[PDB]
Amino acid sequence: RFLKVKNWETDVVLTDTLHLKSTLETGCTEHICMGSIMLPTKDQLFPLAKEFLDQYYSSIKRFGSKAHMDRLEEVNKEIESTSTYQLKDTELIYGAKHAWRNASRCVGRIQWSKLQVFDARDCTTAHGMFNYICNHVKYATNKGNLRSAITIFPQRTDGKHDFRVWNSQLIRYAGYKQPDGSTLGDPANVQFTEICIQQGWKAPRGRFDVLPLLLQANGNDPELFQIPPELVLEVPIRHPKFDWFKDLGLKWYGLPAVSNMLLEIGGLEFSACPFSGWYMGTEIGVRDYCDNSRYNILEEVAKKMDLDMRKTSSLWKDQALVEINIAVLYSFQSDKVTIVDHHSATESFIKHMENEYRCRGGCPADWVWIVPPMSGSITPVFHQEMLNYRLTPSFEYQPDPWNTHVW
Amino acid sequence: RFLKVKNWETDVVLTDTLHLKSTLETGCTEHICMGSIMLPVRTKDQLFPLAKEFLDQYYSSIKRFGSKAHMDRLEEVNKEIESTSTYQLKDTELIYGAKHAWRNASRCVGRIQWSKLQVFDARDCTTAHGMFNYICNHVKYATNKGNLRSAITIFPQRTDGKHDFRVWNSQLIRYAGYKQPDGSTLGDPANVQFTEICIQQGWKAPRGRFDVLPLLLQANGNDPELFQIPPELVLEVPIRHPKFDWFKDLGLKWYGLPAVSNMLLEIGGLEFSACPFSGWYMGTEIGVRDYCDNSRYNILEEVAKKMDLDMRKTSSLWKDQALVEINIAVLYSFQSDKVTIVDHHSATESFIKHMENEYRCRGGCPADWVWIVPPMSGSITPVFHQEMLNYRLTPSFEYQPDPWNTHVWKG
Ligand code: HEM
Ligand code: HEM
Ligand SMILES: N=C(Nc1cccc(OCCOc2cccc(NC(=N)c3cccs3)c2)c1)c1cccs1
Ligand SMILES: N=C(Nc1cccc(OCCOc2cccc(NC(=N)c3cccs3)c2)c1)c1cccs1
Ligand SMILES: C[C@H](O)[C@H](O)[C@H]1CNc2nc(N)[nH]c(=O)c2N1
Ligand SMILES: C[C@H](O)[C@H](O)[C@H]1CNc2nc(N)[nH]c(=O)c2N1
Ligand SMILES: [Zn+2]
């Protein structure tokens, strides 16, 4: 019931009790571990509301105070009557920060309590959503000095009136499958790029075309909007030693802003809740550039490096991978856009884990996601046992809106 | 129940039914995942069903399930268990069992090779001197002058738990570690505790950085005894780099034969506490873990210095750059010396094909992602993008406690 996790590099042992408040389910059973699988009513709501308000009033040292019991009563009445309820701003801010705090796949959680929350619950149209999103982008970008932020649109009601950002992130590059047969731009978004075009977007038809936003208010059909390019901070990618590198023509955007997730607070569902922080360098240089299904440039870079590409055992993929990643880090740093390297982010996370064990009794952590996609064992997280369990408030996946929306 | 796994690079979907034959536990539940936790005497009572399960499997594999040979063997084993409280495997069953334990090893990326395993039956062994002799023959046969051949040597099974056969070494060939009075370590930090046991037991330690440890062998529950493996039997590779000439001057070498000797082999409920097995190395095992772990030889800094990387900020990725060079060096040295090694691209690719084949022919392939994904360059290997299901089949290899922790000294 009280579980230990060991670091094998340092022998440090931490004791986890926090998991015993695990509300949701993992995918795993006594018989089968699913640790590597990507995705394994009025009276439903009151338990959920109560559990949440209990931890809220607990966090501000007021558990079992008149104000506590009075708020339980009030929410109880509102549910009983309206079949939902509204969070106070304070509860909203706390819930959002905790959804991030509880994100077991997130290495960047040392930062969890410095989160700017933009309350967009009064939003009614896609234009209003667009306004809110531009403001969020400008605020978070902050001329390169990135600041974490979330903008929270109205909660689900009867589930026919959902707010959705159809983009998977606010800022992504377009994907076009060509008469050629290959893929121009980013193949991850080919489907979304066509949904945009079939909706009316005019594609500059290049390799790094910032996609238009595609926004759905109150259950209506989504609308297209171009983010002011002055709001979209981009970084040309160059190497501190290879001058031919620039000629590959690589760029990336400064602001990662996840916009397809569902935020659950006290049983309430926020289906549009775009949030942003900043990149760990390997996200761009390992995954975005080098995944076979992505910009897949390893082969191109290895050539320019004139590595021996004759045999996998020369480790040419590996040598290139590193250079690409030194470049990404160098470029962002040079242009003074916030980025973190995987060494630094993982050391931060170990420090964060320690804090959370000490101050909270634990820290849900998904090793499969926390270990960076390169250089795993030379980062301290590789040697750290983690326990993964699901706490609420949380961020959850939700189906792509096109697979649900009725026109 | 039918379970699906997807590969996110290829969209290939596989269906697992094999997980339904899974007996043992994972550590996980509906409410917690222990997927990254390194480690999460039987009566007749429990022995009967385990023996039967195993013999049903064995008799299915040979296409004789429900045969008279199948039933007779069931009766015979059953009679032996209630007469003697245990039983003996036939040679054929032992061989099949050891093969299947390997095939069922979900942390093993090398399983494409599972069916080519040389099994050495050391069940007539009675003394530590006998064990030394078996282990020398295994080392020589496996090494095969650099052209490595997989093998396992199976010493007698557990009886009452007071008569265990154990190899105290964690692998047959491993380098000494010595903690110095100044807090630093000479040789391999992973082996300090074992090295000290050896010295205590009377080993005269050369006290250098690459001293091959003596075998420490326990027969029949007796106190263990020390033996030196003949040096002529220990194949080693000096480490050099194909472009970096100062690399040899780092003074590194490694042994060619990885041979694990501290695991427990479980077959039909029988427990084989000494079952050293060997194959060959994946390059990263030496180049990433053995040399570059902070708690191991930890040569990353010295290598980085000599490459003259900028070591003042981690975001230079100097650690990453040096790691790759060390690993290129390991593969180059082994290949140049004609000692079998496999790089992590080639091994993980083979594993993916093995895995798809296993889904087709067997209905599944238990696989531990945490262990199967290499310790460098994860996402540029096809296993990183492969969803895997982890579950436990027998026959199996299991952990067991280090014997110095449980042994009753006879004196
Ligand atoms: C402050 C800078 C931040 C850094 C460096 C950081 C780092 C990361 C990284 C590297 C991943 C894995 C992503 C992938 O492989 O696609 C991740 C996942 C995640 N992060 Fe953080 N993060 C940061 C801020 C945040 C913020 C502000 C939130 C929410 C408020 C958050 C919530 C999550 C969630 C929900 C996931 C998992 C997404 C999924 O499961 O697909 N992150 N983060
Ligand atoms: C034939 C060449 C082979 C290669 C390249 C190979 C590769 C590997 C590698 C890289 C690991 C991870 C080890 C670590 O990180 O320490 C591993 C684990 C394992 N392998 Fe294989 N292997 C091979 C043959 C075998 C054989 C012959 C057996 C048994 C007959 C075996 C059984 C296992 C087991 C039980 C583990 C898990 C160890 C543990 O849980 O600590 N391997 N193998
Ligand atoms: N990239 C793919 N798909 C895909 C398509 C569209 C979006 C997408 O995003 C994955 C989620 O990305 C995240 C999630 C959380 C955090 C981050 N990275 C960040 N640093 C932050 C985002 C927001 C705050 S921090 C990125 C992934 C695929 C490759 C191979 C098969 S599918
Ligand atoms: N390396 C450590 N300890 C340690 C000591 C002695 C042995 C040891 O080995 C770990 C397991 O080793 C394996 C297991 C299975 C396969 C392999 N590698 C192989 N290619 C094969 C070995 C035998 C057949 S194939 C290595 C690990 C530690 C570092 C930090 C904390 S503990
Ligand atoms: C805590 C974690 O499970 C531990 O450090 C693991 C991670 N993955 C591993 N994978 C392999 N192949 N070998 C290992 O020793 C480890 N160590
Ligand atoms: C199948 C496997 O779980 C999947 O490829 C995961 C592995 N670990 C990951 N880790 C991170 N951080 N991001 C990812 O997209 C993935 N992909
Ligand atoms: Zn699990």
Side-chain angles (χ1 to χ4, degrees), chain B residues 23-24 41-105 114-115 117-135 137-138 141 150-167 217-222 261-277 393-398 400 403:
Chain B
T23 39
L24 315 165
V41 35
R42 280 176 176 120
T43 343
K44 37 196 42 172
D45 204 304
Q46 63 247 236
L47 195 53
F48 295 128
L50 298 175
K52 188 176 175 310
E53 263 176 31
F54 172 73
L55 297 172
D56 297 350
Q57 285 154 212
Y58 173 69
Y59 278 85
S60 307
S61 83
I62 58 173
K63 310 301 168 45
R64 296 301 189 269
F65 182 95
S67 66
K68 188 160 179 311
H70 185 192
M71 300 298 95
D72 288 353
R73 183 56 182 148
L74 233 198
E75 248 297 278
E76 177 190 50
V77 155
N78 183 220
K79 282 205 78 192
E80 219 181 312
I81 285 163
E82 55 204 318
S83 167
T84 73
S85 279
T86 185
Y87 72 112
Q88 294 307 303
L89 294 175
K90 312 295 224 173
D91 298 357
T92 45
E93 289 164 355
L94 185 74
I95 290 154
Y96 168 91
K99 279 181 201 212
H100 280 75
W102 176 11
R103 189 181 189 178
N104 295 337
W114 79 267
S115 77
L117 175 64
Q118 183 58 225
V119 173
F120 291 109
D121 181 354
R123 293 176 298 169
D124 60 4
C125 185
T126 65
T127 66
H129 276 96
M131 297 177 63
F132 170 78
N133 190 61
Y134 271 108
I135 288 178
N137 295 345
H138 168 152
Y141 167 99
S150 310
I152 179 158
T153 294
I154 299 152
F155 289 111
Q157 71 208 37
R158 179 164 298 151
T159 53
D160 57 10
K162 289 173 205 181
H163 289 70
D164 289 4
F165 281 67
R166 300 286 310 263
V167 174
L217 312 167
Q218 158 177 344
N220 200 240
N222 298 301
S261 47
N262 58 357
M263 296 188 86
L264 185 148
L265 169 56
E266 183 197 320
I267 302 180
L270 309 174
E271 303 186 304
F272 292 95
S273 57
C275 54
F277 60 85
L393 301 181
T394 46
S396 72
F397 291 106
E398 304 293 337
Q400 57 184 336

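Chain letters run A, B, ... following the sequence lines, proteins first and then strands; every chain starts at 1. Hydrogens, waters and symmetry mates play no part in the numbers below; they use all other heavy atoms, side chains included.
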> Ion pair present between B:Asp121 and B:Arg123, side-chain N to carboxylate O less than 4.0 angstrom?
Replying inline: yes
> For B:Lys52, does the NZ atom have more than 12 heavy-atom neighbours from other residues, nucleotides or ligands under 6.0 Å away?
Replying inline: no
> Counting N and O atoms only, with roles assigned by atom type, does the side chain of B:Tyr87 sit under 3.5 Å from a partner on the main chain of B:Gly268, one being a donor and the other an acceptor?
Replying inline: yes
> Aromatic rings B:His138 and B:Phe120: how do their planes relate, parallel, tilted or perpendicular, breaks at 30° and 60°?
Replying inline: tilted
>> Are the side chains of B:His163 and B:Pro156 in contact, using a 4.5 Å heavy-atom criterion?
In response: no
> Do you know which two heavy atoms are closest between B:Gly97 and B:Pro395, and how far apart they sit?
Replying inline: O-CB, 3.2 Å
> Would you find a donor on one side and an acceptor on the other, under 3.5 Å apart, between the side chain of B:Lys99 and the backbone of B:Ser115?
Replying inline: yes
>> Does any part of the side chain of B:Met131, heavy atoms only, come nearer than 4.5 Å to the side chain of B:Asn220, both counted from C-beta?
In response: no
>> Quick one: does any side-chain atom of B:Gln157 pair with a main-chain N or O of B:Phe272 as donor and acceptor, under 3.5 Å?
In response: no
>> Taking B:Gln88's backbone N and O only, do any of them form a donor-acceptor pair with B:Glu80's side chain (distance below 3.5 Å, no angle check)?
In response: yes
>> When you measure from the side chain of B:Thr394 to the backbone of B:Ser396, do you find a donor-acceptor pair of N or O atoms at a distance under 3.5 Å?
In response: no
>> Please identify which of these residues, B:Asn262, B:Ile154, B:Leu265, B:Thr153, meets the side chain to side chain contact (heavy atoms under 4.5 Å, CB included) condition with B:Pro276.
In response: B:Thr153
>> Quick check: closest heavy atoms across B:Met71 and B:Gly66, and the distance to 0.1 Å?
In response: CE-CA, 4.1 Å
>> Can you tell me which residue among B:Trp102, B:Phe397, B:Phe155, B:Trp114 is in a ring-ring contact (aromatic ring centres under 6.0 Å, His included) with B:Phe277?
In response: B:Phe397
> Side-chain contact, heavy-atom cut-off 4.5 Å: B:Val167 with B:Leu217?
Replying inline: yes
> Which residues satisfy the side-chain hydrogen bond (donor to acceptor under 3.5 Å, both in side chains) test with B:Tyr134, sequence neighbours excluded?
Replying inline: B:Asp124
>> Working to the nearest 0.5 angstrom, can you tell me the gap between B:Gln57 CD and B:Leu393 CG?
In response: 8.0 Å
>> For a quick test of reading the model, state the closest non-hydrogen atom pair linking B:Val77 to B:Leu55 and the distance between them.
In response: CG2-CD1, 3.9 Å
> Under the 3.5 angstrom rule, does the side chain of B:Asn104 hit a backbone N or O of B:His100 as a donor-acceptor pair?
Replying inline: yes
>> Could you tell me if the side chain of B:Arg158 sits less than 4.5 Å from the side chain of B:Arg42, heavy atoms only?
In response: no
> Rounded to the nearest 0.5 Å, what separation is found between the CD1 atom of B:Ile95 and the CG atom of B:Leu117?
Replying inline: 9.5 Å
> Where the side chain of B:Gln400 meets the backbone of B:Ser273, is there a donor-acceptor pair that is under 3.5 Å apart?
Replying inline: yes
> Under the side-chain hydrogen bond (donor to acceptor under 3.5 Å, both in side chains) test, which residues partner B:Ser60, sequence neighbours left out?
Replying inline: none
> Does the side chain to side chain contact (heavy atoms under 4.5 Å, CB included) test come out yes or no for B:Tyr58 and B:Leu89, once each step is laid out?
Replying inline: CA-CA 11 Å; B:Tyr58 173 69; B:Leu89 294 175; over 6 Å; no
> With side chains defined as the heavy atoms from C-beta onward, is the minimum distance between B:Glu76 and B:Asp72 less than 4.5 Å?
Replying inline: no
> Does B:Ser67 reach the main-chain N or O of B:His70 with its side chain, forming a donor-acceptor pair under 3.5 Å?
Replying inline: yes
> Can you list the steps and then say if B:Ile267 with B:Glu93 is a side chain to side chain contact (heavy atoms under 4.5 Å, CB included)?
Replying inline: CA-CA 9 Å; B:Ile267 302 180; B:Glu93 289 164 355; over 6 Å; no
> For the residue pair B:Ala98 and B:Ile152, what are the closest heavy atoms and their distance?
Replying inline: CB-CG2, 4.3 Å
> Just how far is it from atom CD of B:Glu271 to atom OG1 of B:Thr159, taken to the nearest 0.5 Å?
Replying inline: 11.0 Å
